[PDB]
$ cat final.cif   # mmCIF, N, CA and C atoms
data_upload
#
loop_
_atom_site.label_atom_id
_atom_site.label_comp_id
_atom_site.auth_asym_id
_atom_site.auth_seq_id
_atom_site.Cartn_x
_atom_site.Cartn_y
_atom_site.Cartn_z
N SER A 2 -4.61 -15.62 11.91
CA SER A 2 -3.34 -16.00 12.53
C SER A 2 -2.24 -16.33 11.48
N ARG A 3 -2.63 -16.98 10.38
CA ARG A 3 -1.68 -17.55 9.43
C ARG A 3 -0.75 -16.48 8.85
N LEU A 4 0.51 -16.85 8.69
CA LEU A 4 1.46 -16.04 7.94
C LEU A 4 1.07 -15.99 6.47
N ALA A 5 0.45 -17.07 5.97
CA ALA A 5 0.04 -17.12 4.58
C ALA A 5 -0.97 -16.02 4.26
N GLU A 6 -1.82 -15.68 5.23
CA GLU A 6 -2.82 -14.66 4.95
C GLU A 6 -2.24 -13.26 5.10
N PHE A 7 -1.16 -13.11 5.87
CA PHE A 7 -0.44 -11.84 5.88
C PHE A 7 0.20 -11.57 4.52
N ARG A 8 0.95 -12.54 4.00
CA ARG A 8 1.65 -12.33 2.74
C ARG A 8 0.69 -12.25 1.57
N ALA A 9 -0.53 -12.76 1.72
CA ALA A 9 -1.56 -12.51 0.73
C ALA A 9 -2.06 -11.07 0.81
N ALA A 10 -2.14 -10.53 2.02
CA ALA A 10 -2.48 -9.13 2.18
C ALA A 10 -1.36 -8.22 1.70
N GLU A 11 -0.11 -8.62 1.92
CA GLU A 11 1.02 -7.82 1.47
C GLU A 11 1.04 -7.73 -0.05
N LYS A 12 0.71 -8.82 -0.72
CA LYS A 12 0.66 -8.78 -2.17
C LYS A 12 -0.55 -7.98 -2.63
N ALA A 13 -1.69 -8.17 -1.96
CA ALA A 13 -2.87 -7.39 -2.29
C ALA A 13 -2.59 -5.90 -2.13
N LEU A 14 -1.83 -5.52 -1.10
CA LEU A 14 -1.50 -4.11 -0.94
C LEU A 14 -0.57 -3.62 -2.04
N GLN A 15 0.35 -4.45 -2.51
CA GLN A 15 1.33 -3.88 -3.43
C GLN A 15 0.83 -3.83 -4.88
N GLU A 16 -0.30 -4.47 -5.19
CA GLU A 16 -0.93 -4.27 -6.49
C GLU A 16 -1.95 -3.14 -6.43
N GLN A 17 -2.67 -3.01 -5.31
CA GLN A 17 -3.43 -1.79 -5.05
C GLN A 17 -2.54 -0.56 -5.17
N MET A 18 -1.41 -0.56 -4.47
CA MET A 18 -0.53 0.59 -4.55
C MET A 18 0.02 0.76 -5.97
N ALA A 19 0.16 -0.34 -6.70
CA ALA A 19 0.60 -0.27 -8.08
C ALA A 19 -0.46 0.33 -9.01
N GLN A 20 -1.75 0.05 -8.77
CA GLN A 20 -2.75 0.65 -9.64
C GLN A 20 -3.02 2.10 -9.27
N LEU A 21 -2.75 2.50 -8.03
CA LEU A 21 -2.72 3.92 -7.71
C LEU A 21 -1.58 4.63 -8.43
N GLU A 22 -0.48 3.93 -8.70
CA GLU A 22 0.57 4.53 -9.51
C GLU A 22 0.19 4.54 -10.98
N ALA A 23 -0.78 3.71 -11.38
CA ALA A 23 -1.33 3.78 -12.73
C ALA A 23 -2.34 4.91 -12.84
N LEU A 24 -3.31 4.96 -11.91
CA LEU A 24 -4.27 6.06 -11.89
C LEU A 24 -3.55 7.41 -11.92
N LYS A 25 -2.44 7.51 -11.19
CA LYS A 25 -1.68 8.74 -11.08
C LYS A 25 -1.11 9.22 -12.42
N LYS A 26 -1.12 8.39 -13.46
CA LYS A 26 -0.53 8.69 -14.76
C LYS A 26 -1.54 9.13 -15.82
N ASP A 27 -2.83 9.22 -15.47
CA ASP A 27 -3.87 9.48 -16.47
C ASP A 27 -3.91 10.96 -16.85
N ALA A 28 -3.89 11.23 -18.16
CA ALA A 28 -3.96 12.61 -18.62
C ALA A 28 -5.25 13.28 -18.17
N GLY A 29 -6.38 12.56 -18.22
CA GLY A 29 -7.64 13.15 -17.83
C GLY A 29 -7.70 13.50 -16.34
N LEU A 30 -7.11 12.65 -15.51
CA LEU A 30 -7.04 13.02 -14.10
C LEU A 30 -6.16 14.24 -13.89
N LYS A 31 -5.05 14.35 -14.62
CA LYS A 31 -4.16 15.48 -14.41
C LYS A 31 -4.83 16.80 -14.79
N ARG A 32 -5.53 16.82 -15.93
CA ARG A 32 -6.27 18.02 -16.31
C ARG A 32 -7.31 18.39 -15.26
N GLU A 33 -7.89 17.38 -14.61
CA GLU A 33 -8.98 17.66 -13.68
C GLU A 33 -8.46 18.22 -12.36
N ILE A 34 -7.31 17.72 -11.89
CA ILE A 34 -6.67 18.31 -10.71
C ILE A 34 -6.31 19.76 -10.97
N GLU A 35 -5.74 20.06 -12.14
CA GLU A 35 -5.40 21.44 -12.45
C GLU A 35 -6.63 22.33 -12.43
N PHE A 36 -7.71 21.88 -13.07
CA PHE A 36 -8.92 22.69 -13.12
C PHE A 36 -9.47 22.97 -11.73
N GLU A 37 -9.30 22.02 -10.79
CA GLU A 37 -9.72 22.22 -9.41
C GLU A 37 -8.83 23.24 -8.71
N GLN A 38 -7.54 23.19 -9.00
CA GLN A 38 -6.65 24.19 -8.43
C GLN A 38 -6.98 25.56 -9.00
N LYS A 39 -7.38 25.61 -10.27
CA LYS A 39 -7.89 26.86 -10.83
C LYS A 39 -9.14 27.31 -10.07
N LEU A 40 -10.14 26.44 -9.99
CA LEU A 40 -11.37 26.81 -9.32
C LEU A 40 -11.14 27.23 -7.87
N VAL A 41 -10.22 26.54 -7.17
CA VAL A 41 -9.97 26.88 -5.77
C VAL A 41 -9.36 28.27 -5.67
N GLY A 42 -8.31 28.53 -6.44
CA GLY A 42 -7.71 29.86 -6.44
C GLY A 42 -8.63 30.97 -6.92
N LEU A 43 -9.53 30.66 -7.87
CA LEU A 43 -10.43 31.69 -8.38
C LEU A 43 -11.47 32.10 -7.33
N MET A 44 -12.04 31.12 -6.60
CA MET A 44 -12.89 31.45 -5.46
C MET A 44 -12.10 32.01 -4.29
N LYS A 45 -10.78 31.80 -4.28
CA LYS A 45 -9.93 32.49 -3.32
C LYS A 45 -9.90 33.98 -3.61
N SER A 46 -9.78 34.36 -4.88
CA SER A 46 -9.75 35.77 -5.25
C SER A 46 -11.14 36.41 -5.28
N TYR A 47 -12.20 35.62 -5.49
CA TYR A 47 -13.56 36.16 -5.47
C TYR A 47 -13.88 36.77 -4.11
N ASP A 48 -13.20 36.32 -3.05
CA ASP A 48 -13.43 36.87 -1.71
C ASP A 48 -13.26 38.39 -1.73
N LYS A 49 -12.08 38.85 -2.14
CA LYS A 49 -11.78 40.28 -2.17
C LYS A 49 -12.70 41.00 -3.15
N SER A 50 -12.96 42.28 -2.87
CA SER A 50 -13.74 43.14 -3.77
C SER A 50 -12.95 44.37 -4.24
N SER B 2 -16.08 11.24 -10.89
CA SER B 2 -15.07 11.69 -11.83
C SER B 2 -13.79 10.92 -11.61
N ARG B 3 -12.82 11.00 -12.53
CA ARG B 3 -11.55 10.33 -12.28
C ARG B 3 -10.84 10.90 -11.07
N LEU B 4 -11.18 12.13 -10.67
CA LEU B 4 -10.56 12.70 -9.48
C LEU B 4 -11.22 12.19 -8.20
N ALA B 5 -12.54 12.04 -8.19
CA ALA B 5 -13.20 11.50 -7.01
C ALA B 5 -12.82 10.04 -6.78
N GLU B 6 -12.75 9.25 -7.85
CA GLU B 6 -12.27 7.88 -7.73
C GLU B 6 -10.86 7.85 -7.17
N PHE B 7 -9.94 8.59 -7.81
CA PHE B 7 -8.55 8.60 -7.37
C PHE B 7 -8.45 8.85 -5.87
N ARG B 8 -9.32 9.70 -5.33
CA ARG B 8 -9.20 9.99 -3.90
C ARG B 8 -9.79 8.89 -3.04
N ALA B 9 -10.80 8.18 -3.54
CA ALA B 9 -11.30 7.03 -2.78
C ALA B 9 -10.32 5.87 -2.83
N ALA B 10 -9.65 5.68 -3.97
CA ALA B 10 -8.58 4.70 -4.05
C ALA B 10 -7.45 5.04 -3.08
N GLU B 11 -7.07 6.31 -3.01
CA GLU B 11 -6.02 6.74 -2.09
C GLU B 11 -6.47 6.56 -0.65
N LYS B 12 -7.78 6.63 -0.42
CA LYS B 12 -8.35 6.41 0.90
C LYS B 12 -8.42 4.92 1.22
N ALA B 13 -8.91 4.12 0.27
CA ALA B 13 -9.00 2.68 0.47
C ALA B 13 -7.63 2.07 0.68
N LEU B 14 -6.60 2.66 0.07
CA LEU B 14 -5.24 2.19 0.24
C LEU B 14 -4.69 2.53 1.62
N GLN B 15 -4.81 3.81 2.02
CA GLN B 15 -4.41 4.23 3.36
C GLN B 15 -5.00 3.32 4.43
N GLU B 16 -6.29 2.97 4.29
CA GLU B 16 -6.91 2.04 5.22
C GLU B 16 -6.22 0.68 5.17
N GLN B 17 -5.85 0.22 3.97
CA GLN B 17 -5.22 -1.10 3.85
C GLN B 17 -3.84 -1.11 4.49
N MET B 18 -3.06 -0.05 4.30
CA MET B 18 -1.76 0.03 4.95
C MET B 18 -1.90 -0.05 6.46
N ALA B 19 -3.02 0.43 6.99
CA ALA B 19 -3.24 0.39 8.43
C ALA B 19 -3.73 -0.97 8.89
N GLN B 20 -4.60 -1.62 8.10
CA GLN B 20 -5.04 -2.97 8.44
C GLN B 20 -3.91 -3.98 8.31
N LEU B 21 -2.98 -3.77 7.37
CA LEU B 21 -1.80 -4.62 7.33
C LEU B 21 -1.01 -4.53 8.63
N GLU B 22 -0.70 -3.31 9.06
CA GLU B 22 0.09 -3.14 10.28
C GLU B 22 -0.62 -3.66 11.52
N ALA B 23 -1.95 -3.76 11.49
CA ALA B 23 -2.67 -4.41 12.58
C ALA B 23 -2.19 -5.84 12.77
N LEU B 24 -1.92 -6.54 11.67
CA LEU B 24 -1.62 -7.96 11.70
C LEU B 24 -0.25 -8.28 12.29
N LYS B 25 0.68 -7.31 12.29
CA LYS B 25 2.04 -7.61 12.74
C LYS B 25 2.09 -7.99 14.22
N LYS B 26 1.04 -7.70 14.99
CA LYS B 26 1.07 -7.88 16.44
C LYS B 26 0.68 -9.28 16.86
N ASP B 27 -0.02 -10.02 16.01
CA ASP B 27 -0.63 -11.29 16.39
C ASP B 27 0.41 -12.26 16.95
N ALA B 28 0.06 -12.91 18.06
CA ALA B 28 0.93 -13.94 18.62
C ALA B 28 1.06 -15.12 17.66
N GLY B 29 -0.06 -15.57 17.09
CA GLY B 29 -0.03 -16.69 16.16
C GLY B 29 0.93 -16.48 15.01
N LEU B 30 0.91 -15.29 14.40
CA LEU B 30 1.84 -14.98 13.33
C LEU B 30 3.28 -14.99 13.82
N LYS B 31 3.54 -14.43 15.01
CA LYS B 31 4.91 -14.37 15.50
C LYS B 31 5.53 -15.76 15.65
N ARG B 32 4.74 -16.77 16.07
CA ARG B 32 5.27 -18.13 16.18
C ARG B 32 5.56 -18.74 14.81
N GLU B 33 4.69 -18.48 13.83
CA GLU B 33 4.91 -18.97 12.46
C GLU B 33 6.16 -18.38 11.84
N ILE B 34 6.51 -17.14 12.19
CA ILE B 34 7.73 -16.55 11.66
C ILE B 34 8.94 -17.16 12.38
N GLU B 35 8.77 -17.51 13.65
CA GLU B 35 9.80 -18.26 14.36
C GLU B 35 10.10 -19.59 13.68
N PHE B 36 9.06 -20.30 13.23
CA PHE B 36 9.29 -21.59 12.58
C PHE B 36 10.05 -21.42 11.27
N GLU B 37 9.64 -20.45 10.46
CA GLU B 37 10.36 -20.18 9.22
C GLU B 37 11.80 -19.77 9.51
N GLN B 38 12.00 -18.98 10.56
CA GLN B 38 13.34 -18.61 11.00
C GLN B 38 14.20 -19.84 11.22
N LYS B 39 13.69 -20.81 11.99
CA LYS B 39 14.48 -22.01 12.28
C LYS B 39 14.77 -22.78 10.99
N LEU B 40 13.73 -23.04 10.19
CA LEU B 40 13.91 -23.58 8.84
C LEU B 40 15.06 -22.94 8.07
N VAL B 41 15.13 -21.60 8.04
CA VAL B 41 16.21 -20.94 7.32
C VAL B 41 17.55 -21.28 7.97
N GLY B 42 17.60 -21.20 9.30
CA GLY B 42 18.79 -21.64 10.02
C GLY B 42 19.15 -23.06 9.69
N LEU B 43 18.15 -23.93 9.54
CA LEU B 43 18.44 -25.29 9.14
C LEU B 43 19.06 -25.33 7.75
N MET B 44 18.50 -24.53 6.83
CA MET B 44 18.98 -24.51 5.45
C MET B 44 20.37 -23.92 5.36
N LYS B 45 20.60 -22.83 6.08
CA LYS B 45 21.94 -22.27 6.15
C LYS B 45 22.93 -23.31 6.65
N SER B 46 22.58 -24.01 7.74
CA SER B 46 23.49 -25.02 8.26
C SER B 46 23.80 -26.06 7.19
N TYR B 47 22.78 -26.50 6.44
CA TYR B 47 23.06 -27.48 5.40
C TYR B 47 24.07 -26.95 4.40
N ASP B 48 23.94 -25.68 4.00
CA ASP B 48 24.89 -25.09 3.07
C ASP B 48 26.26 -24.94 3.70
N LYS B 49 26.31 -24.53 4.97
CA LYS B 49 27.59 -24.34 5.64
C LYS B 49 28.38 -25.64 5.66
N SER B 50 27.70 -26.77 5.91
CA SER B 50 28.31 -28.10 5.93
C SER B 50 28.56 -28.67 4.52
N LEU B 51 28.60 -27.83 3.48
CA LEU B 51 29.22 -28.18 2.20
C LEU B 51 30.57 -27.50 2.01
N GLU B 52 31.15 -26.98 3.10
CA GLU B 52 32.37 -26.18 3.09
C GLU B 52 32.37 -25.16 1.94
#
$ encode --input "final.cif" --output "structure tokens"
Amino acid sequence: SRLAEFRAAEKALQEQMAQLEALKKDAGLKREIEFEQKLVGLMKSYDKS
Amino acid sequence: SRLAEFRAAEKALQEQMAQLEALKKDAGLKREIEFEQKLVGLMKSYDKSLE
């Protein structure tokens, strides 16, 4: 019921969302997303013969 | 991998944004915001009465 526990959740959400903005900046994650887009498109073309 | 984690974090966050919005409906919370509202009105009035 408390408003205090809402604003504690609001702060908890905005640091979670802040560390997702940190994760989003990692060079290793970026290389890995690209490699997946490569793998996805390559199995896209493997379909055709 | 850093990619599998990133997607579970993006999932755990999406869930949190939804559990937050669950709380906005509570009657108990709505009355507590009414009290803070009046408090602010009280504070504004105090400032207004300093011309």
$ atom_distance --input "final.cif" --atom1 "atom N of residue B:6" --atom2 "atom N of residue A:46"
25.5 Å
$ atom_distance --input "final.cif" --atom1 "atom CA of residue B:26" --atom2 "atom CA of residue A:20"
27.7 Å
$ resolve_selection --input "final.cif" --expression "the PyMOL selection byres ((chain A and name CA) within 6 of (chain B and name CA))" --output "PyMOL selection string"
chain A and resi 2-4+30
$ atom_distance --input "final.cif" --atom1 "atom C of residue A:14" --atom2 "atom N of residue B:9"
15.7 Å
